[PDB]
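Here the structure is laid out as C-alpha cells; the discussion comes afterwards.
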Amino acid sequence: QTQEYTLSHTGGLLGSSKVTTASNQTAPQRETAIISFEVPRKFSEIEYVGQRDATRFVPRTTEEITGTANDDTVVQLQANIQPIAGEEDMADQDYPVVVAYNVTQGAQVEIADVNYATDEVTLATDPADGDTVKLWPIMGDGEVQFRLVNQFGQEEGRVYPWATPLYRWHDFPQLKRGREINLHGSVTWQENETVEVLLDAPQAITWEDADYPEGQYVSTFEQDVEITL
Amino acid sequence: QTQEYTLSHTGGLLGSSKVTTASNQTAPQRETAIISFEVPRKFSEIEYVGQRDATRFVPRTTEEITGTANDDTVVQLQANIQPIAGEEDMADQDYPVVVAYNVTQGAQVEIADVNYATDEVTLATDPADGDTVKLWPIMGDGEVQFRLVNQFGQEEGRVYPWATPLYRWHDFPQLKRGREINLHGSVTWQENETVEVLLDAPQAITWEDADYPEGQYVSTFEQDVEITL
Amino acid sequence: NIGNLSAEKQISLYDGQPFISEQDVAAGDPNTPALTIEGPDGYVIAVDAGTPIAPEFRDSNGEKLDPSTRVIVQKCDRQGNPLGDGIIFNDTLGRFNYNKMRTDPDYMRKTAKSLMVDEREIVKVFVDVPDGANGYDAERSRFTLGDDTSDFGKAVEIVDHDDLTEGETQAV
Amino acid sequence: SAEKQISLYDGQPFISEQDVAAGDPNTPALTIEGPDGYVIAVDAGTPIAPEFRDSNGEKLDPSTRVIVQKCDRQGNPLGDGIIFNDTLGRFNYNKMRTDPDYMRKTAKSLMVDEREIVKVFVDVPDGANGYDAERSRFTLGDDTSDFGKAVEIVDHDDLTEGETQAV
Amino acid sequence: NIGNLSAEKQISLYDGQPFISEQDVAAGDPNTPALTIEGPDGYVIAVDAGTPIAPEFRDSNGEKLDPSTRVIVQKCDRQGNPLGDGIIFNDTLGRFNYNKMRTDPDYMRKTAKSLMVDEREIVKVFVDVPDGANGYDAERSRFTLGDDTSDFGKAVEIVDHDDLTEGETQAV
Amino acid sequence: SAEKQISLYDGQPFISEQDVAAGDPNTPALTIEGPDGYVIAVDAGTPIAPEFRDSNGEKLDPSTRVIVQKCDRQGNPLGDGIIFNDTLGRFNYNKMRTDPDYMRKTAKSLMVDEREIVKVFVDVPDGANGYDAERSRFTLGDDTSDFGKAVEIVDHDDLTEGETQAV
Numbered sequence: 004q005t006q007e008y009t010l011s012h013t014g015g016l017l018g019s020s021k022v023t024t025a026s027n028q029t030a031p032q033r034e035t036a037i038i039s040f041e042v043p044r045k046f047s048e049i050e051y052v053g054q055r056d057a058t059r060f061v062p063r064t065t066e067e068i069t070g071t072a073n074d075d076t077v078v079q080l081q082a083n084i085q086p087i088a089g090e091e092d093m094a095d096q097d098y099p100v101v102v103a104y105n106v107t108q109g110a111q112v113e114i115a116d117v118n119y120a121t122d123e124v125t126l127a128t129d130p131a132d133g134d135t136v137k138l139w140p141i142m143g144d145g146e147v148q149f150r151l152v153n154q155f156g157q158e159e160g161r162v163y164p165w166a167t168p169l170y171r172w173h174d175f176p177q178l179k180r181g182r183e184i185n186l187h188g189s190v191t192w193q194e195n196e197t198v199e200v201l202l203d204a205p206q207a208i209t210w211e212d213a214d215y216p217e218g219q220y221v222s223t224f225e226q227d228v229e230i231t232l
Numbered sequence: 004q005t006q007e008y009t010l011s012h013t014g015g016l017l018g019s020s021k022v023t024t025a026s027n028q029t030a031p032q033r034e035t036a037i038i039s040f041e042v043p044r045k046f047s048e049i050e051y052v053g054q055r056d057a058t059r060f061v062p063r064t065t066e067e068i069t070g071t072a073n074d075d076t077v078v079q080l081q082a083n084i085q086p087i088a089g090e091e092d093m094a095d096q097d098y099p100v101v102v103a104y105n106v107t108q109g110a111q112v113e114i115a116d117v118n119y120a121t122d123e124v125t126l127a128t129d130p131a132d133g134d135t136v137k138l139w140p141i142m143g144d145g146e147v148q149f150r151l152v153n154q155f156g157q158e159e160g161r162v163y164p165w166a167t168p169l170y171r172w173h174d175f176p177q178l179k180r181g182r183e184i185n186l187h188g189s190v191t192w193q194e195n196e197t198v199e200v201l202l203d204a205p206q207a208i209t210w211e212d213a214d215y216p217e218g219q220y221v222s223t224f225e226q227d228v229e230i231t232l
Numbered sequence: 003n004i005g006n007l008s009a010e011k012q013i014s015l016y017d018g019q020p021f022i023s024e025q026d027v028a029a030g031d032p033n034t035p036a037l038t039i040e041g042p043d044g045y046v047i048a049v050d051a052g053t054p055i056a057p058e059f060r061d062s063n064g065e066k067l068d069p070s071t072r073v074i075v076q077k078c079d080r081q082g083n084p085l086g087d088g089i090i091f092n093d094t095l096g097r098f099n100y101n102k103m104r105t106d107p108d109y110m111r112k113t114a115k116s117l118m119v120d121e122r123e124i125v126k127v128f129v130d131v132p133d134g135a136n137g138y139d140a141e142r143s144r145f146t147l148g149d150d151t152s153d154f155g156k157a158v159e160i161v162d163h164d165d166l167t168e169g170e171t172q173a174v
Numbered sequence: 008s009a010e011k012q013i014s015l016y017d018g019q020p021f022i023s024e025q026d027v028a029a030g031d032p033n034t035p036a037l038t039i040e041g042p043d044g045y046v047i048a049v050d051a052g053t054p055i056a057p058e059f060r061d062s063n064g065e066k067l068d069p070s071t072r073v074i075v076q077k078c079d080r081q082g083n084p085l086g087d088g089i090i091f092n093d094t095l096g097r098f099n100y101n102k103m104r105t106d107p108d109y110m111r112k113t114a115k116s117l118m119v120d121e122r123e124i125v126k127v128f129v130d131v132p133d134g135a136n137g138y139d140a141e142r143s144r145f146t147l148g149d150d151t152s153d154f155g156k157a158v159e160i161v162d163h164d165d166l167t168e169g170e171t172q173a174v
Numbered sequence: 003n004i005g006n007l008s009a010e011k012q013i014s015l016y017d018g019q020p021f022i023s024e025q026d027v028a029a030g031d032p033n034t035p036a037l038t039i040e041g042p043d044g045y046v047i048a049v050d051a052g053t054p055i056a057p058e059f060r061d062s063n064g065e066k067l068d069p070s071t072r073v074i075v076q077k078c079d080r081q082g083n084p085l086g087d088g089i090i091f092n093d094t095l096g097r098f099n100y101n102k103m104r105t106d107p108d109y110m111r112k113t114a115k116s117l118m119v120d121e122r123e124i125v126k127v128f129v130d131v132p133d134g135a136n137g138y139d140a141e142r143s144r145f146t147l148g149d150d151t152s153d154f155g156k157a158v159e160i161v162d163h164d165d166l167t168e169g170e171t172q173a174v
Numbered sequence: 008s009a010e011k012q013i014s015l016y017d018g019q020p021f022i023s024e025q026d027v028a029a030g031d032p033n034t035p036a037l038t039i040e041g042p043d044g045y046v047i048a049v050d051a052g053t054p055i056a057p058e059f060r061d062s063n064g065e066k067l068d069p070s071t072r073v074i075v076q077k078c079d080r081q082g083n084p085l086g087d088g089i090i091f092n093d094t095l096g097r098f099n100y101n102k103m104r105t106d107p108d109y110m111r112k113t114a115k116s117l118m119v120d121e122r123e124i125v126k127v128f129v130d131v132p133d134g135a136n137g138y139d140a141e142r143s144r145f146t147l148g149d150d151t152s153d154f155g156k157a158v159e160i161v162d163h164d165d166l167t168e169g170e171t172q173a174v
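In C-alpha cells:
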C-alpha cells in the first residue's frame, strides 16, 4: 500500500496548516529553518530516500531600489549570481536568474545585460526619480540540511550530517533524468514527527511579497516522497 | 591514567582561547549557545557522565534603571524571580537573587524587601533624578541542553534529548551531597570535538559588565569531568 | 562520540510542559482539576511504589492556600472519566513545608503505590478547597512528580511504545 | 488488597465533635465511631495532630491535657485499653506535622470493630478559654509519607477471621 | 526515526570548505599551487579509478584563463613534498566547456587512476600559466572532485579511521 | 600504634606559604614538604578548609580557582597525581567547616615520602584583589570528628615496608 507522492511549499497534502514557511537570520548567520513538514491527521508514515528520491528548490531574495532623474540603469547586488543550466542568456536559462518590477508603473522591468560574476546588472528601461523597483535575484552562497523532531522539539539529529550548497543547487540542471538530484539519507516519520529543512546563509529568502508578478510565490521547494497511503 | 578535574566559565584548562562565552537571542526565542568547550592542544579525551558527575550554573541578567526627584524605591522585572535554597531572606540565600549598583554614586544599592512572586522589588536607598542603576537579578524560566560538534559544525546530535529548567536549577540547593545535580548523559570527545551548552529563554544573560561589583563575572558555569590526563 | 542509552529514560514532570495541562480553580469545587496530565501517543510512563511530589499550590498573591486544603492525585482511564480503583496521594495541603521538602529525604513525600499510563490515559489533580478561601492560580504555582537530578530520590520512567516486544502485554 | 492505608481527620461523617468548656474533662470533644462493615486498625505507633485551639484561633493552655480512650458499646469509657495520655503544651504544631521526630506515636496498638467508640477527652483544668472545634483539627496517620505509619482499614466482607476479630 | 548508515560516506569536495586551502596565482609560476587539499585527522578519503573534476579557473575579470593554461593534480605525502609516483589529471585548461561538463556524461572528465589519502597527506593543484597572461583569482573560481548528487557520476568516499579493523593495513 | 590521626593547617613549620598577586597561577600560595622520617598518607577522601581571603579579610572572587598538586623533588609540578581541582566560589566557609555534606573530599588517595612537595596553586584570573596568607587558613583533615577522615602519619623508623613505600 505504498504510493509515491509530491509535496510543495504550499498546502497540497497539508492544507497550509501542517506546513509553514519562514525567512532566515541574516545579521548573525544561523542555520535556521525556513520550512517544515508536519504529518497531517491521516497518514501512518512518510519516507524519504536520497539516492532514490528527487528534490527541487528555487530560492530568490528581495531588495528595494529607488530611481533618479539621471537614473543609472545599473545595479549591484550583495548576493552572488550564477546561471542555472548553462549560459547567462536570460532567454534560455530554464527560468530567469533575476526578476524585476517597477512599483509606480505597475509593470515589469526587462533586462538588457548582466555583469556576470561582478554581481551587477544592466537594465533595459529607464526608471524615474523617487521611483521604486523590487528585484528578486536568485539565492546562492548558502548551505542546506535536513533534520527531524520528536513531537516537541527534541531533535533525533539530522538526516545526513554534511551540507549541500545552493550555487551548486542552481548549477545542476533540474529536469533531466540522471542529472536530477538525489541526496543521501534515509528516514521515516509518523504523525506529528515533523521535518524541518534548514539553511545557513548571509542573505535573506523570500516566499511571497504579494507584488511578485509570476504566480504569487517568489520561491519554492518541491519534493518527492514514498508514502504508506 | 584517569583523573577528575573541574572546568569554568573562564580560562583554566583552556587559556580563554579554547573557550568562549556568549549572550543569547531574545526577540525570537532560540535555543542558542552561550558557552563552548573546545578540547585544547594536549588531551587525549574528555568524559562527562550524568548520574555520576556534578554541575553548577549561576545565571544573571542585566538591565538599566534611571531615577527621579520623587524617586520610586520600587522596581518591576520582566524576569521571574525565585529563591535558591529556601526562603527569600537575602541574608541567608546562599548567594543573593538580586544585585544592584548605582553608577553616579559608584556604590552598592542595598535591598529592603522583595515582592516575591509579583517580580517586583523594594530598595533600601533613595536614587536621584537622572541617576543610573544597574541590576543583576537571576535568570529563570528557561531551558538548557548539551550537544556536540564534529570539528566543523556537523552535530552528532545531543547528549540527552530532554531539557532542564533554570528556576528548577536555582531551586535545588547546590552544595549538598545527594542534593547535588547529576543529569543524564554519557559522552566522550577528543581534540577539537568541541561541546556547546545551549539555552532557550526569552531573557538575556550576562557574563561580564566591567562594573559588576562582586568579582568581575556576573554569572558562571562550572562543572566536573573525568579526563584521560 | 556519544554513549548509547536504553529505551527507559528517567525524567521529572512539571507544569510548563505542553502535553500536561492546567487551569485555575475556585474555592469549594473539588471536581475541577487544576492539572490534567495526559498520555502522549507512542509513549508509556511508569511510576514505582514511591516517587516524590512537589505540590506547590499557591494563591494569586503567591501564598500557599489554607492547610485545610486537600490534594488528590487520581488515575483516569480514557473517556475523561475518574477512577477509584487506582488512586494516588490523598493528602492535605498544609503538610509539605515546601522550602525543604523539595530537597530533604525526610520531608520528601512519595506515592502510595505504583502506576502505569498507556498512550492515552489521563491523570487528574483534584483540589478540595474547603470554602470561602482564596482562589487558586497556576502561574504562581508549580508541581512535580520525580527527583531525577538527585541521587536518593526516584524519577519517572518513560519508554517509547515501539521499543518493546512486551508492548502487547502492557497494553493488556 | 483489602487492606488500605488512610489518615483520619475532623471533616468526616462517622467522626463527631462538640465544643467544650473549661474544667469538664468528661465531655469528649471528639467521638470516633465504628462504621458498619469497616474494621480499622492502628499499630503500636502512629502520628497524631492534636490541634486544639481557642475560639480566637490559639492553642489552649499548655497545662491542658488530651486523653485518647477506647470505648466499647453503651457509650462507656474503658480503662483496660487506652492510648495517648499527654498534655497539650508540647506539640509545636507547625513542625510536628512534618518532622519525623516531633511526630508522636501511640502507646500501643488498637482495633475497632463495626460498632465501637473512641473518645478524646480534654482536661482544661481551669482559668482558661473555652474550646472550639471549627478552629481546630485532628489526625491519626501519615499514609502519604515513608517513615511514618497510617491507619489500616479493611472491609469486613472480605474476611474469614471476622468472627475472631469480633471476639 | 532515522535509518542507519555505513562508515563509508559519499561526498563531493569544493573550494569553500575549511580543511581545503587555496591562494591566488600569477602567470608563469607552475610550482605555486592554487589549491592545497589536506587530510583531516581521524579520516581517510578515497577516489576510485575515475571521478569527475570541475576545474573552474577564471580570471579576476571572471574569464577562463588561456587554453594554453594547464592543470596538474598531484598527490603529496607529508613534508609538504611533491610526488611523481602518484599523480592524477594532467590536462590543459582549454578543454572543459564548463557550462556543460559540470553536467553531461560525455563532457565529464574523470581521473587517471585511484587514490587514497591518510589522516595527514596533501594534494596540490598546480597551474601552468604559460606567461604574460592574466593573473589567477580563487574567489572568482570553484573546483570539485565528485558528482554525488547525480546517479551516473562517481563521488568521494570518506571513512573515519576508528571504524576499521583494516586500519593498520591501510596505514601501511 | 605507629599510625596517628592528625589534621594540618597553616601555622606549622614544615609547611610554607607566600602572598600571591592576581593572574599568576604558577605561584604556589602553600608549599607542603615532607619532613624527614615522617611519611604521611591521605585516603581517597578527606576534608579541606580552603580559606583564601583578601588583605581586607574577604574571600576572593568566586571565579578564583584552587588546584592542589603533588610534586616530586626538584621543586617540580607533576601531572600524573593531582588532587582537588576546584573553584573558590563554592565552599560556604562558615558551614562547610562543620557539616558533613558541605565537607569536601579529595579526588583520590596520596602518599608523601620523606622528601616530596605538594603545592596549592591559585588561579586568580584577573581584575581581582591580591592574596594574603595571614588573613587566611587551610586544613586537610578532621580527626576530632566521627564521620570524617584525617591524615595518617607514620614515623619511617617503625616499619619494614619503608623501602617499598620509597619505591
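Protein chains in written order, with the entry's author numbering: chain X, 4 to 232; chain G, 4 to 232; chain N, 3 to 174; chain I, 8 to 174; chain a, 3 to 174; chain L, 8 to 174. Beta carbons are placed, not taken as given, at the ideal position from N, Cα and C, and that holds for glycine.
I think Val174(I) touches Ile47(I), with their Cβ atoms under 8 Å apart; what is that distance to the nearest whole Å?
Residue 174(I) sits at position 167 when you count from the first residue of the fourth sequence. Residue 47(I) sits at position 40 when you count from the first residue of the fourth sequence. So it is not a contact: roughly 17 Å between Cβ atoms.
Starting from the N-terminal side, write out each stretch of the alpha helix (DSSP H) that is 4 residues or longer and does not extend beyond the segment 127-168 of chain G.
Counting only runs of 4 or more, we get nothing.
On the three-pair Cβ rule with 8 Å, is the segment 79-95 of chain L touching the segment 7-16 of chain G?
yes
Thinking C-beta only, is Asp87(I) closer than 8 Å to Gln172(I)?
The residue labelled residue 172(I) in the question sits at position 165 within the fourth sequence. The residue labelled residue 87(I) in the question sits at position 80 within the fourth sequence. It is not a contact, given that the beta carbons lie outside the stated cut-off.
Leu201(G) to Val127(L) span [Cα, whole Å]
Residue mapping note: residue 201(G) aligns to position 198 of the second sequence, counting from 1. Residue mapping note: residue 127(L) aligns to position 120 of the sixth sequence, counting from 1. Cα to Cα, the separation comes out at about 34 Å.
Just the Cα atoms here: how many angstroms apart are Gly155(L) and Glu48(X)?
Taking the sixth sequence and counting its residues from 1, the one referred to as residue 155(L) is at position 148. Taking the first sequence and counting its residues from 1, the one referred to as residue 48(X) is at position 45. If I take the Cα positions, the gap works out to 60 Å.
Counting along the chain, where does the beta strand (DSSP E) carrying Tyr215(G) start and finish?
As a working mapping, residue 215(G) is identified with position 212 in the second sequence. Looking at the DSSP string, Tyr215(G) is not in any beta strand (DSSP E), and its letter there is neither H nor E.
For the segment 143-171 of chain G, which residues have a beta carbon sitting closer than 8 Å to at least one beta carbon of chain a?
Across the segment 143-171 of chain G, CB contacts with chain a closer than 8 Å involve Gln154 and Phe155, in sequence order along the chain.
Which residues mark the beginning and the end of the beta strand (DSSP E) in which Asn73(G) is found?
Within the second sequence, the letter at position 70 stands for residue 73(G). Note, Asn73(G): premise wrong, no beta strand (DSSP E); not H, not E.
Using a Cβ-Cβ distance under 8 Å, would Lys156(N) count as near chain I?
Position 154 of the third sequence, counting from 1, holds the residue named residue 156(N). So no, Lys156(N) is outside the interface.
Buried or exposed: which applies to residue 252(X), given that a residue is buried once 16 or more other Cβ atoms fall within 10 Å of its Cβ?
In the structure as shown, chain X begins at 4 and stops at 232. Residue 252(X) is therefore absent and cannot be evaluated.
Hey, does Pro20(a) have any beta-carbon neighbour from chain G nearer than 8 Å?
Numbered from its first residue, the fifth sequence carries residue 20(a) at position 18. Contact of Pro20(a) with chain G is assigned, a C-beta pair being separated by under 8 Å.
Any beta carbon of chain N sitting closer than 8 Å to that of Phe175(G)?
Reading the second sequence from its first residue, position 172 is the one you call residue 175(G). It does: the Cβ of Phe175(G) has a partner Cβ on chain N nearer than 8 Å.
Is DSSP giving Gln206(X) helix, strand or coil here?
The residue labelled residue 206(X) in the question sits at position 203 within the first sequence. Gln206(X) falls in the coil class under three-state DSSP.
Let me know if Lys11(L) comes out buried or exposed under the rule of 16 or more other beta-carbons within 10 Å of its beta-carbon.
To locate residue 11(L), count along the sixth sequence from 1; it is residue 4. Its Cβ having fewer than 16 others within 10 Å, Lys11(L) is exposed.
With which residues is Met110(a) paired in a DSSP beta bridge?
Locating residue 110(a) in the fifth sequence gives position 108, counting from the first residue. DSSP lists no partner for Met110(a).
Report the three-state DSSP secondary structure of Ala173(a) (helix, strand or coil).
By 1-based counting over the fifth sequence, the position of residue 173(a) is 171. Residue state, collapsed to three classes: helix.
Which listed residue (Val129(a), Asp149(a) and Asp133(a)) has its alpha carbon closest to that of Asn33(a):
The residue you call residue 33(a) lines up with position 31 of the fifth sequence. Scanning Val129(a), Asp149(a) and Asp133(a) for the CA closest to the CA of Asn33(a) turns up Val129(a).
Give the straight-line distance between the Cα atoms of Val101(G) and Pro86(G), rounded to the nearest whole angstrom.
The residue labelled residue 101(G) in the question sits at position 98 within the second sequence. The residue labelled residue 86(G) in the question sits at position 83 within the second sequence. Going from the Cα of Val101(G) to the Cα of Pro86(G) covers about 10 Å.
Taking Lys77(a) as part of the alpha helix (DSSP H), name the residues at either end of that continuous run.
For the purposes of this step, residue 77(a) is taken as the residue at position 75 of the fifth sequence. Premise fails: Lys77(a) lies in the beta strand (DSSP E), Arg72 to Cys78, not in any alpha helix (DSSP H).
Chain-order list of residues whose beta-carbon lies under 6 Å from that of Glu41(X) (same chain, five-residue window excluded)
The count along the first sequence starts at 1 and reaches residue 41(X) at position 38. Only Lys21 and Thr197 meet the Cβ criterion.
Test item: CB-CB of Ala56(a) and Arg104(a) under 8 Å:
What you label residue 56(a) is simply residue 54 of the fifth sequence in a count that begins at 1. What you label residue 104(a) is simply residue 102 of the fifth sequence in a count that begins at 1. Contact flag set, yes.
To the nearest angstrom, how far is the alpha carbon of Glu34(X) from that of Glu159(G)?
By 1-based counting over the first sequence, the position of residue 34(X) is 31. By 1-based counting over the second sequence, the position of residue 159(G) is 156. Their Cα atoms are separated by approximately 15 Å.
Closer than 9 Å at the beta carbon, the chain G residues around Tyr109(L)
For the purposes of this step, residue 109(L) is taken as the residue at position 102 of the sixth sequence. The contacting residues are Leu178, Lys179 and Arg180.
Alpha helix (DSSP H) segment containing residue 1(N), residue limits:
Any question about residue 1(N) goes unanswered here, given that chain N covers just 3 to 174.
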